[PDB]
């Protein structure tokens, strides 16, 4: 019987937001210590929660709903301080005209949808008739007055589709910053608690490899954008701006934002307003 140690099963978001990180994981050879799974953020969160992955990215709302069973990695996340560029509301009308109007939500999102609902309700005071559908701006603009998008589709609406067709594109990160002054965190990295307790060293090494790969990707952001631009409708300058506008930090100022967002949406989303976020503790 082969009872040798097994690589951690690690998730990775397929969107452009984590393409630089994938570059870093490959350049550092870290990928060869992982058994990697690429998918959308809602699927990767489902897999980690049910046990098909050991470590991976988790959209913030789903982490908070499972905070007792997950331990978040410090100092890396998918966030913003101001505009995030790839989490948007695309609207054919001013936001204050969306009361009772139909608004399409993308099923790939869990956190951005709730943030958009929080802003429209508590900041702008409109209660749209929401419905969820696959991310497809052209279809959404035919059936609804506004749509919430994330990932490459939102980035495409922001940088290309919106300007071409004269559609308003509201940046969810900017709207939150205007409303609260705070940065925002859309996804964190976490280990299953049972895996973190069974394999403390592998969990710590995976954490440190993510930080090393993240740091390298920010040093080589221009290389990453030049290569990625060859496969996208976005050009090199647009990708480099996107990669540098994203905020991958996860320290005290970012946890402050998570705390307040959880407090405002918890009682209407399925977790306590004062939910505890457990961070992976470093070695003494």
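Positions refer to the first chain, counted from 1.
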- Mean C-alpha B-factor higher for 133-141, or for 69-77? 133-141
- So which stretch wins on mean C-alpha B-factor, 195-203 or 87-95? 87-95
- Task: Can you pull the Cα B-factors for 103, 154, 182, 115 from the entry and say which is highest?
- Result: 103
- Return the residue from 26, 49, 224, 55 that has the highest Cα B-factor in the entry. 49
- Could you say whether, by C-alpha temperature factor, residue 111 belongs to the lowest, middle or highest third of its chain? middle
- Query: Among the modelled residues of its chain, does the C-alpha B-factor of residue 238 lie in the lowest, middle or highest third?
  - Reply: lowest
- Relative to the other modelled residues in the chain, which third contains the C-alpha temperature factor of residue 187: lowest, middle or highest? lowest
- Item | residue 212, C-alpha B-factor rank within chain (lowest, middle or highest third) | middle
- Message: Can you tell me whether residue 35 has a C-alpha B-factor in the lowest, middle or highest third compared with the other modelled residues of the same chain?
- Response: middle
